[PDB]
């Protein structure tokens, strides 16, 4: 029996990393019963997580809902990898807006203003960069459309923005998170909206992109709500992982749901029924289905 699982997440100042930590705590507290030990890995993000589940070095991964769909189908960012039809959904979680964090004197007031600036578009292997490519397609942009197209991982973007190495960085991430808190607090960075006909087309044409709002007061300096588009964070796995393992992880979260929603402020408004279906477009792992049917959440 498999007795040790690893969850791939993201940069340590994001939301994926403490999300993994919360899931592993709920799994580990009953390790004397199901003999499952859970550990968390900081990684490059959604794209690395899918590819590393597939290569066998991760058992679970947290993945944006758009790259759950495209990783399973082998399309868009995953086109050269081919389909991965063993990928399975477990549950979805918080919303992740497409955030733009800019210097106060950058002149960047909307997403269209990113062209011709020094923009961190994201590290290879992050959902940040893969979804930024969707934005670039809607605008007809490539890397040369920016003065500089930097590829820093999440934990390094705020320090680069404060050092005046970039004018802005993007981040597909839930709220609040430590990366954006640092930039807005310590460097007077501003959260910039992404609206206009290009964003409207992105939302209208895809079921996994929906309008998003970050409320005023989430960060110091951003005194009005910030509109954009967002995806859902989802936990995925492979059908190679045993039904018993996925069943016990799913049960650990859903049977301790009131505890889970107290472990990070991004989980405060999660709803069990939505976690089964929302943002999940590929088959659910049989172990998760088994729990959901016991709990009355399915059929």
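Positions refer to the first chain, counted from 1.
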Inset, instruction - Output the stretch having the higher mean C-alpha B factor in the entry; the candidates are 76-84 and 90-98. - result: 76-84
Inset, instruction - Name the higher of the two by mean Cα B-factor in the PDB entry, 99-107 versus 205-213. - result: 99-107
Legend entry - Candidate residues 131, 228, 158, 177, the one whose C-alpha B factor the record puts highest: 158
Legend entry - Within-chain third of residue 122 by Cα B-factor, per the entry: middle
Legend entry - Assigned third (lowest, middle, highest) for the C-alpha B factor of residue 12: highest
Legend entry - Position of residue 66 among the chain's modelled residues by C-alpha B-factor, lowest, middle or highest third: lowest
Legend entry - Assigned third (lowest, middle, highest) for the C-alpha B factor of residue 148: highest
Legend entry - Chain-wide C-alpha B factor ranking for residue 46, given as lowest, middle or highest third: lowest
